[PDB]
């Protein structure tokens, strides 16, 4: 009975930020990337790093960039509506689960809230049907330590997982993440971390040699 978070046009993006995209070469991104209203010069991605289109609001950015202000603007706007929709959900199923550290848990469908920072220091499973939905509401940061893998079980799909964070996200080196990130600030990945998901930041996305794939 938990409704999907509608991403509108932002659904078309693996990475969408408002202040840019930094990168330690070489990353492997599958899906479109965009930044707005910042200049496309703030996208530090090469053409060989993106399987998809790089969208700029202006004439600056990587050589393969497409200038389309109105699409980037709509996407960022839809990302804000999604962020507010996700943050606005009421009547959580869980509050302060694991007291802000959830290593080793198996997370079943529902609306989860943390009034603090959330840490993921060891492997977790997300377990549910192909139609089940998870919304994780985090009033601080979200941290996941090096080499931590999020596993999906029971038919659970990346496209039906949403992480809403009031603070910054940090995914440790070589970690594997599952789901959509709606961050009010930054999403910062470290050396060889991967995500099956979307990085939607109201500030910047920062990468270090990452694999980023849009959910199927």
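Numbering follows the first chain given and starts at 1.
Average Cα temperature factor in the PDB entry - higher stretch of 145-153, 158-166: The recorded data point to 145-153.
Residue range whose averaged C-alpha B-factor is higher in the record, 60-68 or 26-34: Result of the comparison: 60-68.
From 174, 51, 183, 180, residue of greatest CA B-factor: Of the candidates given, the C-alpha B-factor peaks at 174.
CA B-factor ranking of residue 189, expressed as a third of its chain: Tercile = lowest for this residue's CA B-factor.
Residue 102 CA temperature factor, ranked by third within the chain: As the PDB entry reports it, the C-alpha B-factor of residue 102 lands in the lowest third of its chain.
Cα B factor band for residue 90 (lowest, middle or highest third within the chain): As the PDB entry reports it, the C-alpha B-factor of residue 90 lands in the highest third of its chain.
Within-chain third of residue 202 by Cα B-factor, per the entry: Highest third.
Record-listed C-alpha B factor of residue 135: chain third: Residue 135: CA B-factor falls in the lowest third of its chain.
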